[PDB]
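Results of the structural survey
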4 protein chains.
Amino acid sequence: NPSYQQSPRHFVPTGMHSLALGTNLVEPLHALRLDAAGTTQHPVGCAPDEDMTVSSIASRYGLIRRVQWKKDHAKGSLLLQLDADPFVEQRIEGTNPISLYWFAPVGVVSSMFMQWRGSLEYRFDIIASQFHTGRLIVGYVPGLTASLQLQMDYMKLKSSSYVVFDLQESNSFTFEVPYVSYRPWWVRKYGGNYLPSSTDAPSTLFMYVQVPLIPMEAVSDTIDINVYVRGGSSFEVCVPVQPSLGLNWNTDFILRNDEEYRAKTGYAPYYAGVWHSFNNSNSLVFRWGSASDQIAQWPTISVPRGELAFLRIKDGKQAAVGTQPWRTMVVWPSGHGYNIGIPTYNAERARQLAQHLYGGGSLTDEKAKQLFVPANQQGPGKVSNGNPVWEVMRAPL
Amino acid sequence: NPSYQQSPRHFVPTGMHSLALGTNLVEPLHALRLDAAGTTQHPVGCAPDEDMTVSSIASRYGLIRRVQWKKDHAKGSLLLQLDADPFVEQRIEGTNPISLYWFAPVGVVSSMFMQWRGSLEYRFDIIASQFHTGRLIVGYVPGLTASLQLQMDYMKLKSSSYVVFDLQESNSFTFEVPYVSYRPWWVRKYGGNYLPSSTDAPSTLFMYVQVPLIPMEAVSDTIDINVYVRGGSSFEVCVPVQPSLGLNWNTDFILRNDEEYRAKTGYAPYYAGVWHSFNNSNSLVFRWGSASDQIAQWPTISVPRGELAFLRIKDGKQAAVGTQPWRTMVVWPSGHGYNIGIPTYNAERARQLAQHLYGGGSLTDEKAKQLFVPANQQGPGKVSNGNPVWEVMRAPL
Amino acid sequence: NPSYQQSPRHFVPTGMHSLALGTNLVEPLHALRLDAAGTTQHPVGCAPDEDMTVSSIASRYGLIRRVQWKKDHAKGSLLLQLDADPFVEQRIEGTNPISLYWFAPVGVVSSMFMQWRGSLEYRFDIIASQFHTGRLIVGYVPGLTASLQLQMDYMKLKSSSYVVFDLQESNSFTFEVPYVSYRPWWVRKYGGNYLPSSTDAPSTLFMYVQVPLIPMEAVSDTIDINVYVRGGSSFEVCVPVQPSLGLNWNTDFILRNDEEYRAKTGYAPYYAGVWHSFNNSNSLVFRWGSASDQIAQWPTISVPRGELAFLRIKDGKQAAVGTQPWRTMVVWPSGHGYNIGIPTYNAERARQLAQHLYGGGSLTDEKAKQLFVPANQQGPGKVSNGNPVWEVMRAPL
Amino acid sequence: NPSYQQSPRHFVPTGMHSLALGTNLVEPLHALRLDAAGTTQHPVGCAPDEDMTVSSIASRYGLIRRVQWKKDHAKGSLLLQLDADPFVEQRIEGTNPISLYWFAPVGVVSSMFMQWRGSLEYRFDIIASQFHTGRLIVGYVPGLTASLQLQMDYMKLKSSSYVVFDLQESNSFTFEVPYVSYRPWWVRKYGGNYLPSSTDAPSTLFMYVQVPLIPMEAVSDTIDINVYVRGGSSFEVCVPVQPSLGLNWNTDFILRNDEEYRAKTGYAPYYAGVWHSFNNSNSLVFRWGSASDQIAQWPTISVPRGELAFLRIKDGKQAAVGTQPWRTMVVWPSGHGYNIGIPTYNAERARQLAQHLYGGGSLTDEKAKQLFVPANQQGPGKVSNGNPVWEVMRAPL
């Protein structure tokens, strides 16, 4: 029967569709259901509750801070200076190297997006009797750079969009955080996984004490200020990219490869002690012996400009011991021809030291020497469990 | 210009269409004509004569038998007992191994089909003067098995659908063959190329002499009865399969591989002679010598149950010679510890012997010993041309 | 978004479309133009002149013959007997082996087609004064075989469709050539490139002198008859196949492989001379010496039945020399136990000899011995330039 | 469920679409956007300014020449004879080998196209007081070949389409350049990257001084004539091909391979000096020594006919030194059996010499010897930095 001899169709081979996209297009595949019209229905009992919207999430109010307000708080005093951006953290204590963090529903997103451009808000739940009275400030001042984040009083805050709250028989209030930028949308503050590919927050709000609290003798003077954060009337979200937040399921990291940071061969074990050449024996530094100038020599850490470095041990059950396990430390040259391991209280105090040494500083400055651990913390002076693994943390500065 | 980004089509690779089919579907290919609308037309002179129908063919009347009817034919006598099915043969004489056969247009088809289910008919052209008178019978008796094909008189035929024909001044007549089966359609009688995959005919018609002929002295007593066969009013045809008939162009067969049947090494040449141990020297058997018990020993033929075997030589110009070239023979064990070559008159007499030995018989039965070639046919007793090639024929039983 | 799970389409891979065809079908490809609607237009200045029709070409009148008509021409005489078919040649003089040929526009086509079936016509431009009078005949006699092309008078031509032309003050006339065949269309006379795949012309026309010319003393007695040929009112053309005509651009042929025809090793150089054993020294034959029976022995040419063979040298600047370069020759056995090189005047006289020797003839016939070159043409008897290359020509007979 | 058994579709495999084209056709691909309807919109702020037309560009007036007109300019004098074609250059000074060039917006296109066919125009901005008066000519004379570009007065220009401009209190004027060709469109003058594939300009305009300037004592006598060029009312553009202009970003060229032109092994270092056999010591030529006939022998440059060759050094900080770094030179045979390095002032004077030596000239002609560098330019005669790399330039002639 008849020959279709007219020229056949043309066609250009691809291999697979489609790791993107999925907004509006029909995706053909091989369904393992028995039917070609097999789409699951949702019965009256199997009710579709949500409402799976980026907005739906960025509207729940998640806790993020808790400030203790006291009568002792001066007329001129601040309570929190937390960042006005969705990527506002809350560190949770312990214990493994990488520290876990609390994040509002407006934190988990846009952890998935690049830009946001939104308006936000903070609910300040002030647990208070009717016999507690005070006044709090709160001001979104755009253009808060690094150094300029200090040099900040409650008076210059009154220069930008700010609010004062009177509390007698009305506990909480909600401040909507304005969005002042030169840029339409706002890129990630935390960019994962990439160090220099992360731009700071557009601004921050503070909560000063406009008027100190006056508590009558039958109600306590200290009071908790719980703080919640959610996307405001128009927190927008722009473009899906690599998430900046991880699981909570398996908080492990197989240390490649095997570039585990640990003391130079021969400097083990090592306890926290003192040294006449390190702040005149007034602060703790790792020593591999009790004799003359036996200070633990540590490998040099090659860090690219615009970053900082410190150390957190893998197992706390192998760290050197004083009054507490020195799980955190900072590494910097000692001038006597090597690098020394300087134990810190916690990761924050190790970071802050890296913010000052990599910020083009010295060791004999008062700003750094107030982050060094005092020598009365040396404790029983237990040595480590050999030369346990430390991992090198990284952060922009 | 705009991007068609919606998911591309799916598709499942095959390599070729289509060794079947061709009833109603458009077949795309690469035509070597100059035009994409190139279909040959058939002018008024280039008239399309046929009418290419399976029916068109099974309506022409082809000859198939010739019976000589004589006054000497008794009141109780048969003329032909040919098979009532489209696969009705007519052997043509000579000469090569595989014998050629004549087949009506209703024979060549359904040689291509598996089943037929049709009604057929036979034109009995009786060449006769007006001074010849007689009466013939013809009856389609369904259910004619092997043994029951004999034990058949003209009287029990009158029990099934039968017809009697009076002839004075009316020569020929046409009998339409009924179709009585349990099966709707009827599978091939000859299945090629496959031995046990062939089922016998549903029934057969006979042509007895109801009344012997009475010829006046000026017209001869013997008369020819030509017989033709064609598909009747409703010879149907069911399903195309492997043809059971071959060419006529090149009637050769390259003998594989090279399993040519021939006498055991050392029994050559061999002439037809007699043997005191083979029907008491009353019949011909191949001998490789004239001395004591020099009987040609032949290889054993492994035949599967439901089949029979005999032999036809390749070249008649190499066969043993008596009164005629013994081109046909049958092989069976001799009891004296080997198999003997028993020459037959023709292929039919070799088959009929295989119908009796493979039909669970013996050699000392009268039914077989009337198929053995008499010893006065030994002739000048020419030896063969060495040990020429025989080929082993096969047929169901 | 929704799953197109219904079975994908089927499809049968080919690799390329389409070396044919191109009458009416859309051909998809990759056009290198910047646009997907890029089809060149033809402006008013860039006018499309032709009219590219097979008919358009087979309507121009191209010259093909020139006959000199003279008063001396008898009452019974012929002027040209050229072939009545589109493949009518006109050899042009010189010089390389393969001779060039002139062909009318109705010659170049159907050199591309297999069959033609057409009616043709010849314009006989007779350059004549008004003081020249004569009468010419012209007759298309179908069925002109080889031998029957002679045995042809102007009288038996008057038996077929023929025409007589009176000329006083009317020079030229046009005769339309009828088409009488048993076959609808007419296959190629010249089939390239294939020797036995070429069937002769259906017939031919002649131009006899019905009445000799009578020229008064002040106008010359010889007169030119120019002859033109073009497709007539209905020269049809049937089916495109391999062209039977070549270029004119590069008239070379790299001689494979390297089967160049040349004398047997040791018979070089060789001049044209005479031999007592070759027409009793009355004709030229190639000799490799001046002494007893030094005749050039040439390789045997294996020619299939229905063909003929002769020789044309590659370079005329290497041929043997007499009165002219013997560039053409024929090869045939000499009876004295070898084959001899017999130089001819030209290629036509070499072909005509092959038409007589391969036409089952001998060497001692008068028909062949009038094609042999006379011995007074031996000239200064220059030897060849060694054993230069000859190539073996082929033609059907 | 039912079988689609009808013959599947045919189809012819390609691999990729489509390096061309993109006028009007839908291009399917794999878009990395999240949506299948993702086409970027252009907001009211993100306004689409241009208007991206080949015309839009060839309408801006870019500077190309600056002529200083002076009272001293005679009644018969020319000011510029620049080429009337879009590929009109303006060399910018320095410094690397390949010299950079200034090009109008009507220069950058059609640097991308093959042909143009357009009408053009020149704005002659004449910075002048009202106390300056003069008259300028300007004439597009088609058919200006090489030699005929000189032998050109302001009088024969008045023979072709020409214009005279009166200036008192009206500074500038605009002359629209006519387009007179035999060819509809006009192919590239500069064809990149291919030497002989570039045809010269169709014609040129000149700007003679019809009437010398008459400046009163309180306004200066010399005056700047800035010249701009843009596509006129109908500068057309024909067909996109390889650009004849490069980047400006990275003006480097990795010298293949490594066929860097430099003096023959042993002729290093080499300073510019004089030679009694080179214009009788009146001009500079490279010498590898101060003694008898120590002239730098240079490799022969194989240049195809229709081209010329000279040399520009890679680093000027390695060239031989006189009054200036001899960064440019020409190479030609010296007759004393080798080729000599003849330093020139600049690249133009090296080209012009190649225009005269490759223009079938000699060395002892006055036309060439006025391009040779005088011997008072030999300077302190610093030698080179070894045998630094020169690269061989090429241009048609």
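The scheme used for residues numbers each chain from 1 in its written sequence order. That scheme is not guaranteed to match the entry numbering, and residues without coordinates are omitted from view. Working convention: letters from A go to chains and numbers from 1 go to ligands, in the order in which they are written. Taken together, the chains in view make up part of a larger assembly, and the values describe this part alone. The basis for the side-chain values is all heavy atoms of the structure; hydrogens and waters are excluded.

As documented in the archive entry, the model was determined using X-ray crystallography at 3.802 Å resolution.

Turning next to the pairing of strand β12 (residues 307–313) of chain B. Residue and element names in this part refer to chain B. Accessible area is worked out with a 1.4 Å probe on protein chains only. A residue is then buried under 20% of its type maximum, exposed over 50%, and partly exposed in between. Comment: elements are numbered from the N terminus, with helices defined as DSSP H or I runs of at least four residues and strands as E runs of at least two. The element β12 is largely enclosed, with a buried count of seven among its seven residues. Neither face of β12 is open: one carries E307, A309, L311 and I313, the other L308, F310 and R312, and all of them are buried. For two strands to be treated as a pair, DSSP must find at least two bridges joining them. In this structure, β12 lies alongside strand β15 (residues 390–396), joined through seven bridges in antiparallel fashion. In the strand pairing of β15, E307 is matched with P396. With two bridges connecting them, β12 and strand β13 (residues 328–333) associate as antiparallel partners. Directly across from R312, in β13, lies its bridge partner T328.

An α-helical segment advances 3.6 residues per turn. Residues three or four places apart therefore align on the same side. All names here are of chain A. Among all positions of helix α4 (residues 347–357), only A347, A350, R351, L353, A354, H356 and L357 are buried. On its buried side, α4 packs onto β12 (307–313), β13 (328–333), β14 (339–344) and α5 (366–369). Polar contacts, as counted here, are pairs of nitrogen or oxygen atoms within 3.5 Å of one another; within protein the pair requires one atom able to donate a hydrogen and one able to accept it, and residues that are adjacent in sequence qualify only if both atoms are side-chain atoms. At the N-terminal boundary of α4, the capping side chain belongs to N346, with an oxygen 3.3 Å from the backbone nitrogen of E348. Only heavy atoms matter for contacts: two residues are in contact if any of them lie within 4.5 Å across the pair.

A word on the pattern of salt bridges. A pair can form between side chains of opposite charge whenever their charged atoms are brought close. All names here are of chain D. Whenever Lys or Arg places a side-chain nitrogen within 4 Å of a carboxyl oxygen from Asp or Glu, that contact is recorded as a salt bridge. This model, assessed by the stated rule, comprises 44 salt bridges over all chains. One salt bridge in this structure joins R123 and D125, with 3.3 Å as the shortest N-O distance. Here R123 falls in the partly exposed class, since its relative accessible area comes to 28%.

This part is about the state of the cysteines. The disulfide criterion used throughout: a pair of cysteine sulfur atoms within 2.5 Å. Enumeration over the complete set of coordinates arrives at zero disulfides over all chains. In this structure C46(D) is not part of a disulfide, and its nearest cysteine sulfur, from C238(A), lies 12 Å away.

Okay, a positive patch on the surface next. To count toward a patch, a residue needs a relative accessible area over 30% and no salt bridge; like charges are then connected within 9 Å, while nonpolar side chains (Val, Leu, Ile, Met, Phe, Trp, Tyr) are connected within 5 Å. With residues, only the protein chains shown are counted as cover, and all accessible areas are computed by Shrake-Rupley using a 1.4 Å probe. Charge counting follows a simple rule: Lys and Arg are positive, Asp and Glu are negative, and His as well as the terminal groups are ignored. Note that the charge is assigned to NZ on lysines, CZ on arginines, CG on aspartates and CD on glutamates. Side chains of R9(A), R9(B), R9(C) and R9(D) sit close together on the surface and give a patch of like positive charge. Take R9(A): it is sitting in strand β1 (residues 9–11). On the basis of relative accessible area, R9(A) is assigned to the exposed category, the value being 63%.

What follows covers the relation of the copies chain C and chain D. Every copy is matched to the others by a least-squares superposition of C-alpha atoms. When chain C is fitted to chain D, the best match, at an RMSD of 0.0 Å, comes from turning it 72° and sliding it 0.0 Å along the axis. The symmetry that links the two subunits is that of a five-fold axis. In terms of C-alpha distance to the rotation axis, chain C has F11(C) as its closest residue, with the C-alpha 6.2 Å off the axis.

Before going further, it helps to spend a moment on the environment of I223(B). Residues and elements named next belong to chain B. In this fold, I223 is placed in strand β9 (residues 223–231). In this structure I223 comes out as buried when scored by relative accessible area, which is 8%. Each C-alpha atom of the pair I223 and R188 lies 34 Å from the other, and the pair is 35 residues apart in sequence. Ignoring anything within four residues of it in the chain, the contact list for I223 reads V67, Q68, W69, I126, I127, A128 and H132.

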